[PDB]
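Encoded as structure tokens, the structure appears first; notes follow it.
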Amino acid sequence: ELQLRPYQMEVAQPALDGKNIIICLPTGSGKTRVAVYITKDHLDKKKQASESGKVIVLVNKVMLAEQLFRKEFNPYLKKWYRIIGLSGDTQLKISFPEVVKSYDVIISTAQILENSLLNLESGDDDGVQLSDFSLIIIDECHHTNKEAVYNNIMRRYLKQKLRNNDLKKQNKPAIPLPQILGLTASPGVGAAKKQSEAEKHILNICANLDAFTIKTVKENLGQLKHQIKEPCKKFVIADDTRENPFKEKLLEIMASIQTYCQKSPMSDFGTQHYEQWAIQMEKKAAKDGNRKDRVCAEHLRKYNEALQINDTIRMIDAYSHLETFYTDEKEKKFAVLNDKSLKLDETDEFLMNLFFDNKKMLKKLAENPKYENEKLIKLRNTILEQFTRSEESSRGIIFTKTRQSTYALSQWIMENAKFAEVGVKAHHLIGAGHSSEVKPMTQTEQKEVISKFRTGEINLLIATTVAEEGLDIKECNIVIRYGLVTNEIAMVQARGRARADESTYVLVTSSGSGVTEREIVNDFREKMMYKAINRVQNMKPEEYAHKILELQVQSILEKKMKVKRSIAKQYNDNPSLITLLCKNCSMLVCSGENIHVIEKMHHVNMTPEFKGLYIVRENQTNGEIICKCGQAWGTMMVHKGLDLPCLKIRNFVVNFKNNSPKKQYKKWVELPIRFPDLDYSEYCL
RNA sequence: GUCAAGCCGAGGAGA
RNA sequence: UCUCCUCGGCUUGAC
Ligand SMILES: Nc1ncnc2c1ncn2[C@@H]1O[C@H](COP(=O)(O)OP(=O)(O)O)[C@@H](O)[C@H]1O
Ligand SMILES: [Mg+2]
Ligand SMILES: [Zn+2]
């Protein structure tokens, strides 16, 4: 039933007899289909030889497992073989190693594999080896770089390859390694300023995958072009000539707080260097115990966030953001005040009497349809133009950086009627990150959105970086780029998603940022890498071989050194040689001896002395903890009945017993000293 | 069928 | 060395 194309045949041809190789063709050229044909050929070959053989497909995401368990492998190969798709959300029943030798055609998110490998290498948890396979197939090879996921697998593969080659000249017995087929669209250039460094990068990839060719289509090209096309590029620039009543109204507050602080930014309001200045200022102030300087740092950081979204989003969203923030703040203050406690503050009183007195005003200055936003009006024009031009023949995708962005966009495009009168149904899309003010999403919710859009029930999918790679849509036209430039790969992989006729690509930039600049940079890199590929394809085989062997050895030796600096590198097993203080206030909290651990992940104290100090701010089981001063400390945790209040070290501050170089660490794993697990013998009767 | 929390690794961007 | 964003994975719990 599965049908082929000609160029598919010629590009596949060498892989059909050994030849572990790489492929790169433009998006939507049957890469999956040619892979599927190679699967069928491989296994039929191994059976007609009466030999054993199995296949593992690797992706770098969680949708693609079921994407390709639904649409391309399973519908064609169900008859002759069993198939199974694995991800980070499919509740298995057996384990991974057992299904290595049960279903015979697997598909996996990557890290499942490496987990099982290092389990086989560390303990007796069953695990798996590479000799338990006959073929690895890869999608989106180009992530094979410095310390990525795929790279560890290929490091182990190359190590065993060199062992095989050392046994080539020492013994007869050697292990037959599995074949490797890599697929991509752009192997991509890793930050090279020239054509030659880019060539070197291609060779680094190819040696990190044990390649022999690339096999770009050149012969059967008319077939491609009559069958495949590209969109038309389009730039959309918009400049500001407004924002003096609102934006400057906030820069006013910034100057006011700085003149309350006596601290010079020495840079511009509304950027990242200003942020970094505030961050280091805060870290030093907490390293000094100085209040009045960390706190305006944190607030000015919030104002900078508000400005940076004001570069992208209306006044109203930032008003909402800081409304949530100071709402939480006043909640903490009232919770402290409402707990045999009488005291008042001077800083926080100043900040709040500075803000809330302008809260109503800024809400009044928020709602103004005149200067809503340049880029937003521009996309209104672009969108409505397209969705009027197509007459129900639309399928939309939108990209951006953050998620709060996406939520606001979906909300507001549900609000406005010019978008609803056309009936451009909308929904956003994100990866399962349980960290935001935003409400997170679920895997099943993601898949339902995929199905509703492929159904066409949604007309525009707002998507974060989960949606550059994959999402084999049947046919869509309109894709855009809301003020985002990362590299050449995101550009090309998004610019080729309109798998349909009369496709378009768009960028939406502000003139006050080097964005279209990097647009052109990525364009040049795209032109550059094809020339580099044409160079290496015409390379001599023996010279190619020598170079890839060099780079294999370089990758393996680099691992070893990165291992040498990580043998221990910090092994002071100093249990309680510290004191943890609060960070806002310089209030002592705990020592190291009262601390214990659960699950060898979570660090906690479980003594009444730490108990009778904090407050539980209400929304109910997982409660949030706060300080007496007003600092947030941690979250509750009900572990085996024990109501242990766990915390985050990033909120607290260090003070050693020896000489007190106060520091911040941002996470537990970084620091040297060790804490023990908690024997439950305590807290009994 | 629902929800919450924390931990870790990696990439990209910027400085 | 720092920051931001993003992604993938792992455990605990509650309905
Ligand atoms: N042999 C074939 N004949 C016709 N169309 C094909 C064939 N093989 C694949 N396709 C088309 O290719 C599309 C899949 O492209 P795909 O390779 O998944 O994109 P990407 O390369 O970005 O992963 C499908 O929509 C399908 O219609
Ligand atoms: Mg693909
Ligand atoms: Zn405190």
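Residue numbers in this text run from 1 along the chain shown.
Header says: electron microscopy, 4.1 Å.
Cβ coordinates are placed from backbone N, Cα and C, and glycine is handled just like the others.
Here is what Swiss-Prot records for this protein:
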| type | residues | note |
| --- | --- | --- |
| BINDING | A:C582, A:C585, A:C627, A:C629 | Zn(2+) binding site |
| DOMAIN | A:12-205 | domain 'Helicase ATP-binding' |
| DOMAIN | A:375-547 | domain 'Helicase C-terminal' |
| MOD_RES | A:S503 | phosphoserine |
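The structure, with features from Swiss-Prot marked on it.
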residue	record	contacts (Cβ under 8 Å, 6+ apart)
A:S503	phosphoserine	A:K229, A:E230, A:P231, A:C232, A:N477
A:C582	Zn(2+) binding site	A:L588, A:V589, A:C627, A:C629, A:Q631, A:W633, A:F652, A:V653
A:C585	Zn(2+) binding site	A:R291, A:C627, A:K628, A:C629, A:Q631
Report task. For the recorded Zn(2+) site formed by A:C582, A:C585, A:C627, A:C629, name the remaining residues of the chain with Cβ within 8 Å of the site's Cβ center, in chain order. Result -> A:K583, A:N584, A:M587, A:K628, A:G630, A:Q631
Report task. Filter the recorded positions A:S503, A:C582, A:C585, A:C627, A:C629 down to those with CB closer than 6 A to an atom of ligand 3; keep them in sequence order. Result -> A:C582, A:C585, A:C627, A:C629
Report summary line: Expressed in whole angstrom, the CA separation of A:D339 and A:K340, which enclose 2 unmodelled residues, is 6
Requested in this report: Translate the DSSP assignment of A:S503 (phosphoserine) into the three-state scheme.
Outcome: coil
**Report entry** Deposited-model gap closure distance - 10 residues unmodelled, Cα of A:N619 to Cα of A:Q620, Å
**Finding:** 7
